[PDB]
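Comments concern the structure below.
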Amino acid sequence: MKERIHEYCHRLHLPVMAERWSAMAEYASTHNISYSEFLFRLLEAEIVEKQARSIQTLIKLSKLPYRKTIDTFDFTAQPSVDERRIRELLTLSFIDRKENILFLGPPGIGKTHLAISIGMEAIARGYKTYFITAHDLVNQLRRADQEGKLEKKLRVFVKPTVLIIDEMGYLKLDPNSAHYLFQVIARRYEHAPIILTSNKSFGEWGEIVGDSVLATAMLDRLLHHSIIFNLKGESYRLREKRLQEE
DNA sequence: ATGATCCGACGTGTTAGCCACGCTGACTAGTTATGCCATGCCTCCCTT
DNA sequence: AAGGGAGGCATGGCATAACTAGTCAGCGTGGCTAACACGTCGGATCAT
Ligand SMILES: Nc1ncnc2c1ncn2[C@@H]1O[C@H](COP(=O)(O)OP(=O)(O)OP(=O)(O)O)[C@@H](O)[C@H]1O
Ligand SMILES: [Mg+2]
């Protein structure tokens, strides 16, 4: 009969339930527990494992290079940013408010770290997330359009609840393809937040995309509902380099 | 990589209204039938 | 039984005359379209 239970558990797509079947049976036998409560505990454990696996699969699907969180961010080394605003962001009220989040400042000041932390927080609470660099997004959209499947990739870039655009400005975008980026900003406008990190000021966006009018339209759509952080201070990579040297 | 599930879009059915196609009649033009003559092919008969 | 020869009938070509098909116009009837609602099928995504 035990083999039948194991086979049924595997067929019903409950691997972990079967794995811990003997342990839970022994626990129930040793200590008297109501059947309802025992099933509640078993289903709760299965749901916890399923949630962990789903979070890991979402992390894999969302191309996050390195996993980080707010807990690892040192506000003392970066006093230019108020921790209160970051904590307010972590509440994910902007998702309901459709507000974007723009990080600006010199390289290595934690912009990417903060963006990844916000993305991880969104993923944990069950919100679909996606991470990509601006150059990669533009190139992927261009390649999809050249294949006559731009709409599919546009859906891919629009479907995520939280889209992260990292390093917008380090590499100049091809003028013939900048519009692709605008499309995303045009379709995610008032629909889903965008977390964009850059080292260039807004006035220079025209240089990045090579079209002043398109850059102005993109900025107007992006900044309509957004929270802008102007981070300052010394580079964290250089700080670590000095600490290692010293 | 395959199967199962869920979601979204398209097709269908129904009803009503409008537009296009079919039928009919008349007139004109082009094609077919027929007669006649000539030639070729098919059939029948006879011989081996 | 097969081959060759002879005879008869059928076909083709040409010319003329008559009948039928095509075209156009008008009117009537049937089919297509549109709108809306509902159900089914296809596609995409996630889990094994
Ligand atoms: N305050 C901080 N606390 C902890 N780690 C930090 C902090 N600031 C930066 N780092 C780490 O330093 C490295 C570079 O920082 P990060 O990429 O977040 O900065 P950035 O401004 O987005 O960089 P860049 O523009 O050069 O790409 C990463 O490992 C990041 O985790
Ligand atoms: Mg960075």
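For this deposited structure, the header notes the method as electron microscopy, 3.2 Å.
The backbone N, Cα and C atoms fix where each Cβ goes, and this holds for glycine too.
Residues or ranges marked as ATP binding site by Swiss-Prot on the basis of sequence analysis: A:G105, A:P106, A:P107, A:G108, A:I109, A:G110, A:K111, A:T112.
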Neighbourhood of A:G108 (ATP binding site) by C-beta distance under 8 A, where only residues 6 or more apart in the same chain count: A:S235, A:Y236, A:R237, A:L238
Residue among the binding-site residues A:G105, A:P107 whose Cβ has the most other Cβ atoms within 10 Å: A:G105
Surrounding CB atoms that lie within 10 Å of the CB of A:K111 (ATP binding site), all protein chains: 24
Sparsest Cβ surroundings (other CB atoms within 10 Å) among the binding-site residues A:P106, A:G110: A:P106
Remaining residues near the recorded ATP site, that is with C-beta within 8 Å of the centroid of the site residues A:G105, A:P106, A:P107, A:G108, A:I109, A:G110, A:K111, A:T112: A:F103, A:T197, A:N199, A:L231, A:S235, A:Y236
Long-range Cβ environment of A:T112 (ATP binding site), under 8 Å and at least 6 residues apart: A:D166, A:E167, A:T197
Residues among the binding-site residues A:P106, A:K111, A:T112 that border ligand 2 - Cβ under 6 angstroms, in sequence order: A:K111, A:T112
Where the C-beta lies under 6 angstroms from ligand 1, the matching binding-site residues among A:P106, A:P107, A:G110: A:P107, A:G110
Spatial neighbours of A:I109 (ATP binding site) that are distant in sequence (at least 6 apart) but have CB under 8 A: A:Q78, A:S80, A:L231, A:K232, A:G233, A:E234, A:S235, A:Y236
